[PDB]
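Colleague: Mind having a look at this structure? Questions to follow.
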Amino acid sequence: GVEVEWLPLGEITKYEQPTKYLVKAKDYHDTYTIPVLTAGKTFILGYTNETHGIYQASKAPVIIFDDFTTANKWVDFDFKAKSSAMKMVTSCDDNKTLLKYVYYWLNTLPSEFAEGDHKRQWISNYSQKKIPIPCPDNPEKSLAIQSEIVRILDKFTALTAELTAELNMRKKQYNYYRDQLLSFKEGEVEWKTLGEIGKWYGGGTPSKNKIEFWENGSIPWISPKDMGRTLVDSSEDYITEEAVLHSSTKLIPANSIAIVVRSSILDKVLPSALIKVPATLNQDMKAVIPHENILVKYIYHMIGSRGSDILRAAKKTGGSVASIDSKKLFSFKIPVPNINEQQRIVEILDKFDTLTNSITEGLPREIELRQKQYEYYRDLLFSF
Amino acid sequence: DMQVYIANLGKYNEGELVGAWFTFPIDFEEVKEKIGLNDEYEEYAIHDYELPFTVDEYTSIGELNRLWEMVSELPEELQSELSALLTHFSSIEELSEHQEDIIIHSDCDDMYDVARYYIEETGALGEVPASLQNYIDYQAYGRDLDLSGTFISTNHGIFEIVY
Amino acid sequence: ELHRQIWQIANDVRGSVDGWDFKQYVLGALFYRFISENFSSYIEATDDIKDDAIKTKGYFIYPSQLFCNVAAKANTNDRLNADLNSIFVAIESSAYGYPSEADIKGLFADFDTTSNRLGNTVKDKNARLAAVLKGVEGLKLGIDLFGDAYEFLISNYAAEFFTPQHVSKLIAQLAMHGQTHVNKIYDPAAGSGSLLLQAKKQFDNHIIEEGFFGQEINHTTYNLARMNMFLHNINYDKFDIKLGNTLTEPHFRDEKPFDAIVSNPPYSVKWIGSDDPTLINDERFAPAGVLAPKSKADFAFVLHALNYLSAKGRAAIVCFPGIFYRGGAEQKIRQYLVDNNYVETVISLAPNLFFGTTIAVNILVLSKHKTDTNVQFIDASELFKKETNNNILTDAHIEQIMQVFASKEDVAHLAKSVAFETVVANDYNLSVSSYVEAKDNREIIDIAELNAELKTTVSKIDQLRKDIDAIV
Amino acid sequence: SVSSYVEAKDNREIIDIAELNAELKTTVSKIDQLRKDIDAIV
């Protein structure tokens, strides 16, 4: 780690543009082979590789996405196209570079390289200079000692990829398992029609010009952008405790559940969170308290479980931002067992999705901590 | 295509008018046998030309062949639109500097198509939800790219001088 | 709250057609409304809202000099708006000639191109005058921008340049400093010069000297911008605006080498040279060396701006950020601007802070008042670039921007002055310095490590008991 | 036209493929985790 010099960027680099691509087709079906890899993620599906001049053959180049972003980096892994913004980067000297080295060495500086703000091309910025390189250990032992850490960092990137993969596998498996099990329950479980278990609420909208009733206090004001999470005891917004004079809301206990009726459903599955403080909410969304025949976690996950069908229950009720009514959100028979039978199966259900989901005691949190320690050790490492 | 009426400065008033058209490459002795001489050497009176660009009245014939070799160097779709491209530039070696820096659009025909290409198929933003599918102002996007980018509207397409 | 009411009236008078023809209604009615306020208040001393032949044009020639009209002694907003079924037709294009021509003196022609005499029907037309100008007759106070509706009728498509007033306030408070001088003021390529209104009607008792010789292309835009300032007592006796294109006609070329100017150069300002006339060999493009191309001729305007310049008085312009130095086609141009400090300072802004750009611009402040050092005293944000309902008096920043512009205040997370030779050492940064240190976190190995370790060890037995419960 | 609007794009899979992928990727993850622990070189 002694003989380390800055080196210019385009020195060892064979930077080039994409050549004459005729990638302007209409269908990219998976029976075809080569990925039409564009910006964002590195995969739109297959295309015919025959007689289209797709490069595909060095088994380790890299790229730059995007024009005007310059941050999306991908190693050109196997046999890949030249799809419409793939400004190609490989090396001239293929004795020193080992460009997954320099694939990392781009993101060793995200503070000047990987910031995409405006409509500017950055040819001088990635072209000229600099990069700290263990030259003049070139090429021999530089690639050798950097091969150690690149093996480590490739295993860390592999860790990232596989943890995302098993996250998706676990989510898909468990979501299958939610309704494979716990459905059709026998016998005979009561077909309780919706909302009848407890007096669910509507909400109530305040006046935002009431500055006393908008800034002070500590009742968490819940929005559908505060929604989408899970077990939100307190929201981001802290509206006034005296705001209940001019808000027409509903006071809730520590064991309430929430539901939205606008702006994202009619297309997808409904958000839901366990609200656990006295908190208030508008007419953009609603709240349910159950009553005694129940378990409020079982009610919560009965909503989330039947989400694929209770989207369909009161489904359209207008093609606007206006969406699912209260009517057939009150009007569907679901299996609701006796109070001795909720707790075990919803305990397993709660146990699994608190294994998976957000945030603390959660796989994606773990992924983000490993992301942080990855970037930290990359900073730690290339401080030579 | 690309031929000049060049003779002669002898009898300056376009007397001794000889030498009809000379396609490239053009030689001193070829034109000299075409015209004879005016008892001395005062020739290549540039007065007429089928050229896709602007040439001067006293340009030497070696410079003419130089210009032609720069023309033949360039691709033919650019040779068709040299008149439009040279408006932004001033010379051809200047054009040969950034001859790599031209984005060609046979596919895009107005600014609207440029916006739809750089948004949709380029994927400059990723998600196109069906609730958001119509709702991408290609007109204003083309206005903003027209403010930023150097664009040239031609016959064969749109040429973007990006640096 | 009052402007809420005036705002709702501005919304509702838009029913049922747009302000292209309502231009004529608003301008003529508000114009004679201003006359019946001011000119008639001169001849109150208590008699008439219903004005009559009491003007005495032999002695009322003084507002025909000063207000530049005797408008309508017998054709008032009361003496034209009463009824249905009269004679005759024609009251809105041609023959209010004695205020429209009004040659004696200081006439400033195309002054009354809105509504004089014609005319389509009998009193569908003149009862349209009666009913609509009577419903506008009573639109009371509920007066500085009392055509806020007119500041929204010109902003009807604007909810391309239609004077964003926060940017206008920024230019006027960034016209400061070194300003109590003569002249006051010049403006090339003005357009809707209400930026001149908050530049001088704000500075009215401060200093008021000379006329504002703007120059725009669109003739209707020209005329509305001319009478716009005059709506709210900005005098047009002699303080006027010239018409034309600014490079083919940079009048006044003689009067004078100006001292303090402002402008917003728009787009649609390009032109073809380079140059076919003797502007190839003029006073401003021969110092440029290379000349303004067919498209990027925005850079001619600063060449125009130094043409009208003195060393003490400073000049604020703006350009959309297609200037780094724009290659060798403009490098020497940039090099001419750094031949000396012809350009003094630059300031960046934030996208949007305009009407739908959403780009920043670059403010270029030019004086031959040198130190000498290169200035990069810029600040992108903040500049709270949301809207005009938070930080409305100051942005909490115009004093701070003012102080940075005052003397060399070199604050971090903000760019500072560099060497004059640094810009020719570098390849003409505009502007890359400084952009200091956003989002650079750092954590503890132990804290990031043991917490992950604990939560994994939670997750392992969660996985095992999950496999237990994965059994049917 | 709420009646009928019949039920597009409904899919489900089989347990065993998912759970075998699950256990194999967890084993890969565990050997990578202890390998990372080796890589925890301070």
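Please read every residue number as a count from 1 along the shown chain.
Yeah, the Cβs are placed from backbone N, Cα and C, and that goes for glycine too.
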Colleague: Out of C:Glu137, C:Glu210, C:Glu216, which is the one Swiss-Prot records at the S-adenosyl-L-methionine site of C:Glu160, C:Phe161, C:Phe162, C:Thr163, C:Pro164, C:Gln165, C:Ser192, C:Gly193, C:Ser194?
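Modeller: The record-listed residue among the candidates is C:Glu216.
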Colleague: Mind checking how the region 'C-terminal tail' (C:443-472) divides into helix, strand and coil residues in DSSP?
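Modeller: Secondary-structure breakdown of the region 'C-terminal tail' (C:443-472): 26 helix, 0 strand, 4 coil.
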Colleague: Using a 10 angstroms cut-off on Cβ to Cβ distances, just flag whichever of C:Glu160, C:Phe162, C:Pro164, C:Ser192, C:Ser194 is the loneliest among these binding-site residues.
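Modeller: Comparing Cβ neighbours within 10 Å for the binding-site residues C:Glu160, C:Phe162, C:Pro164, C:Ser192, C:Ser194, C:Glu160 has the fewest.
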Colleague: Would you work out the biggest C-alpha to C-alpha distance among C:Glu160, C:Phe161, C:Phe162, C:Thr163, C:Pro164, C:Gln165, C:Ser192, C:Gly193, C:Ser194, C:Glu216, the residues that bind S-adenosyl-L-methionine according to the record, and give it in angstrom as a whole number?
Modeller: 19
